[PDB]
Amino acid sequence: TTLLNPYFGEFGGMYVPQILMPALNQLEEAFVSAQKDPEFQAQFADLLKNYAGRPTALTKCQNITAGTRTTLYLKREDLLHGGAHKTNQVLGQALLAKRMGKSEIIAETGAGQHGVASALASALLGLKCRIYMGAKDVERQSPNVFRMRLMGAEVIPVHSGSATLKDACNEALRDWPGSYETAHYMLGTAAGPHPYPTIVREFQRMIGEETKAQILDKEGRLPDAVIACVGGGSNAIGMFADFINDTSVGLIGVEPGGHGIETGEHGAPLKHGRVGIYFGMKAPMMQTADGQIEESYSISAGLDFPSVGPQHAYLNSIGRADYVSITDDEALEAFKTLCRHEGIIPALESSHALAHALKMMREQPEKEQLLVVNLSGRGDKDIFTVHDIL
């Protein structure tokens, strides 16, 4: 029994052990209360404005589009405190923990950016934060592990399984049934069991709300498409939500194609995986033929979640959103191109969304089109991955 629908068509649900259901039902009920509570909305808006720096700019990029009929804007989540969109929803979740009287935060993270987000929000809001991170990702994300520790969080390496993000996701789900009374699990994307796909969407939907107001001010009409990369689905659904009912607006999600979809070394389960059940949800998964879950491969470490949020698999199935893939070398080209022609260093995750906008422009240069890319994060973290390869 729930207050809100846990599925999006066939996808979603609550596939957790029985002992975790009360934690999900309690979080659902707190969230429906807070969404109606004007005091919680004004505390969240004040943190997003005066702490995190909302609203973020919408930047036109006239040097990239010259000599074509594409007009491209970038929604600047890279300017948000923390350098990526993940801050928005951690702040909301942290305030939901406090409204439930919890004192402690559990989070998982892969490339480290959700861990840092969760540790900043827990330091600001006086929550005790512990993070699980696969030990192969602790070893390769020295700078984020240190940030987390500077901010007072406990980083717990996970050595089981593949010692990467899905193994840290399992460890969070093993700790919460013994701690949900005083600890909230601040999940890092719009996936997992209900209510998380719906809570993370609602706490990221200001991306698209601001983008609609900003593009109507600057061009007097909505975009022809909004384009966002898709690791687990949070930044894209936060850009897409306020546009779902504007039927002329395209919604394009970009999954990582890694070394190319034919090589099998990619992270594109929505269009190239198979539906399974894991991490609390029915959704498309990277998995073997016999149903073992596998890792996603991308040059961008932040597109490593090995499934996808259930609302994107549903918006794909009905034809409302379209999902594509971009390979490591297209993402790298788009990162170099934004650095040199607009003086903006984009995260390599967001570089996959920019790469697809560049192909829409270059493939049809005389097509008139108004495009917004969600620039989910800044890419200072990537500059020597980009160095070492070139």
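We number the residues from 1 along the sequence you see.
Item to complete: Would you mind comparing 89-97 and 107-115 for me and telling me which has the higher average C-alpha temperature factor in the entry?
Response: It is 107-115 that shows the higher mean C-alpha B-factor.
Worksheet entry | Per the entry, higher mean C-alpha B factor between 320-328 and 30-38 | Taking the mean B-factor of the alpha carbons in each, 30-38 is higher.
Practice prompt. Tell me which of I19, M14, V373, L370 tops the list for C-alpha B factor in the record.
Written response: Out of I19, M14, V373, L370, the record gives the largest C-alpha B-factor to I19.
Fill in: Options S296, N235, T71, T211 - largest CA temperature factor per the record
Largest recorded C-alpha B-factor: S296.
Practice prompt. Would you mind ranking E342 by its C-alpha B-factor against the rest of the chain and naming the third, lowest, middle or highest?
Written response: For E342, the deposited C-alpha B-factor lands in the lowest third.
Worksheet entry | For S142, the third of its chain into which the C-alpha B factor falls | It falls in the top third of the chain.
Discussion item. Test of reading the entry: by CA B factor among the chain's modelled residues, which third contains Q364?
Written reply: For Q364, the deposited C-alpha B-factor lands in the middle third.
Fill in: Entry-reported Cα temperature factor of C229, expressed as the chain third it lands in
Lowest third - that is where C229 ends up once the chain's C-alpha B-factors are sorted.
Practice prompt. Sort the modelled residues of this chain by their C-alpha B factor and say whether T198 lands in the lowest, middle or highest third.
Written response: Bottom third by C-alpha B-factor.
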